[PDB]
Amino acid sequence: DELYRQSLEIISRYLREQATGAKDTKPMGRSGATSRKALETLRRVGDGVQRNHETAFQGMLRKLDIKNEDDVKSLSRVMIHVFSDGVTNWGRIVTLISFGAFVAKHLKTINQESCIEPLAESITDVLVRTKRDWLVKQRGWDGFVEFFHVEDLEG
Ligand SMILES: CO[C@H]1/C=C/CCN(C)C(=O)C[C@](O)(C(=O)NS(=O)(=O)N(C)C)c2ccc3c(c2)N(C[C@@H]2CC[C@H]21)C[C@@]1(CCCc2cc(Cl)ccc21)CO3
């Protein structure tokens with residue numbers, strides 16, 4: 001399952017990088033160039049989403065009350081409720097992942113760093129297993145990269 005593997009890698013790295021503030025230096029697995037550009041896009045676009053919706057993000061985090069492993073495991077049901085049961089576009093996928101990074105940073109702050117990789121798996125499961133058809137039709141991570149590609153300005 002190349003799409004799942006690639007998705008997990010991109011999401012995991014972003015969540016870890018967001019939580020730790022440090023870049024993972026290991027190479028990507030398969031489809032390295034796309035996965036690298038995908039991660040770079042998420043850095044650009046995801047950070048803005050978290051700031052543009054700061055207050056709503058804080059409010060949802062406070063409402064969820066995430067303390068431990070069992071609370072983190074309960075999030076997949078909420079993700080299916082909010083994300084899966086609605087229209088699909090790249091914007092809503094960025095929000096799924098950006099709120100994930102927001103939860104990841106919270107987990108670091110309460111010393112629950114070990115729950116981050118499970119969280120990343122849960123997000124990936126929801127994204128890939130409920131939206132595979134849409135993702136394939138939109139060209140997967142190549143389509144993601146192409147969608148958010150910004151052309152250089154004329155100097
Ligand atoms: C009102 O607060 C919202 C913020 C909305 C601003 C962004 N916006 C305009 C959206 O439309 C985001 C949205 O696509 C969405 O549908 N939001 S909404 O249902 O609440 N409503 C249409 C605004 C949208 C798309 C995808 C979302 C999602 C919202 N979640 C709820 C967001 C996090 C703060 C909640 C967050 C959520 C659901 C909550 C649990 C969770 C946990 C993880 Cl680890 C990752 C994601 C999520 C599902 O992912």
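Residues numbered from 1 in each chain as written, not as in the entry; some residues may be left out. Heavy atoms only, no water.

Method-wise, the PDB entry is recorded as coming from X-ray crystallography, at a reported resolution of 1.9400 Å.

S.K.: When you look at the site of the ligand in this model, what are you seeing that I'm missing?
M.R.: Around the ligand, 16 residues are found, and the nearest of them are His-53, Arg-92, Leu-96, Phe-99 and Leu-119. The contact in question runs from an oxygen atom of the ligand to an N or O atom on the side chain of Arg-92, over 2.8 Å. Bound to the protein, the ligand loses 72% of the 800 Å² it would expose on its own. Of all the elements, helix α6 (residues 90-109) adds the most residues to the shell around the ligand, at five residues. Of the residues contributing to the shell around the ligand, the split by class is twelve nonpolar, three polar and one charged. (Near = heavy atom within 4 Å. Polar contact = N/O pair within 3.5 Å; in protein donor to acceptor, adjacent residues only side chain to side chain. Areas by Shrake-Rupley, 256 points an atom, 1.4 Å probe, with all protein chains shown as cover. Helix = DSSP H or I, 4+ residues; strand = E, 2+ residues; numbered from the N terminus. Nonpolar A, V, L, I, M, F, W, Y, C, P; charged D, E, K, R; others polar.)

S.K.: Quick question: what am I supposed to make of the environment of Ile-110 here?
M.R.: With respect to the helices and strands, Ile-110 occurs in the loop between α6 and α7 (116-137). Given the relative accessible area of 28%, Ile-110 is considered partly exposed. (Buried < 20%, exposed > 50% of the residue type's maximum accessible area, 1.4 Å probe, protein only.)

S.K.: Whenever I open this one, helix α5 (residues 75-84) confuses me. Can you help?
M.R.: Quick reminder: α-helices carry 3.6 residues per turn. Residues three or four places apart thus point the same way. Taken residue by residue, α5 has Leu-75, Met-79, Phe-83 and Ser-84 as its buried positions. Looking straight down α5, one finds that the buried residues subtend no more than 115° of arc, so they occupy a single side. In this structure, α5 carries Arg-77 and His-81 as exposed residues pointing more than 90 degrees from its buried face. Lining the buried residues of α5 we find α3 (54-64), α4 (69-73), α6 and α7. (Arc of directions from axis to C-beta. Contact = heavy atoms within 4.5 Å.)

S.K.: In this structure, what is going on with the UniProt feature "short sequence motif: BH1" in the protein chain? I would like to understand it.
M.R.: Taken from the UniProt record, the annotation "short sequence motif: BH1" applies to residues 81-101. For residues 81-101, the end-to-end C-alpha separation is 19 Å, with 76% helix and 0% strand making up the annotated structure. (UniProt positions renumbered as here; feature names shortened; annotations may be inferred.)

S.K.: Would you mind going over the packing of α3 against α6 with me for this structure?
M.R.: Relative orientation and spacing of two packed helices are given, respectively, by the angle between their axes and the distance between those axes. Across the interface, α3 lies against α6 with an axial gap of 11 Å and an inter-helix angle of 60°. Judged by the angle between their axes, α3 and α6 are oblique. Between α3 and α6 the crossing geometry is right-handed. Contact with α3, carried on its side by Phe-57, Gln-58, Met-60, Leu-61 and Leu-64, involves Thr-95, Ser-98, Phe-99, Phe-102, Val-103 and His-106 of α6 and no other residues of that element. (Axes fitted to C-alpha atoms, helices over the stretch in contact; angles between N-to-C directions. Parallel < 35°, antiparallel > 145°, perpendicular 65-115°, else oblique. Left-handed = near helix turned anticlockwise from the far one by under 90°.)

S.K.: Is there a simple way to explain the UniProt feature "short sequence motif: BH3" in the protein chain in this structure?
M.R.: Here the UniProt feature "short sequence motif: BH3" sits at residues 38-52. Each end of residues 38-52 is marked by a C-alpha atom, and these two atoms are 21 Å apart; helix forms 100% of the span and strand 0%.

S.K.: Explain the pattern of salt bridges to me, please; I cannot follow it from the model alone.
M.R.: Pairing is possible between side chains of opposite charge, provided their charged atoms come close. Considering all chains together, one arrives at 13 salt bridges under this definition. Note that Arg-13 is salt-bridged to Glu-9, the shortest N-O span being 3.7 Å. A residue pair is termed a helical-turn pair when its members lie 3 or 4 positions apart in one helix, as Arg-13 and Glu-9 do in helix α1 (residues 2-20) at four residues. When its relative accessible area of 6% is taken as the criterion, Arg-13 is described as buried. By relative accessible area, which is 15% here, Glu-9 ends up buried. One connected set of salt bridges, linked through shared partners, spans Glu-2, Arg-5, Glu-9, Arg-13, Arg-16 and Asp-24. (Salt bridge = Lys/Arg side-chain N within 4 Å of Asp/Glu carboxyl O.)

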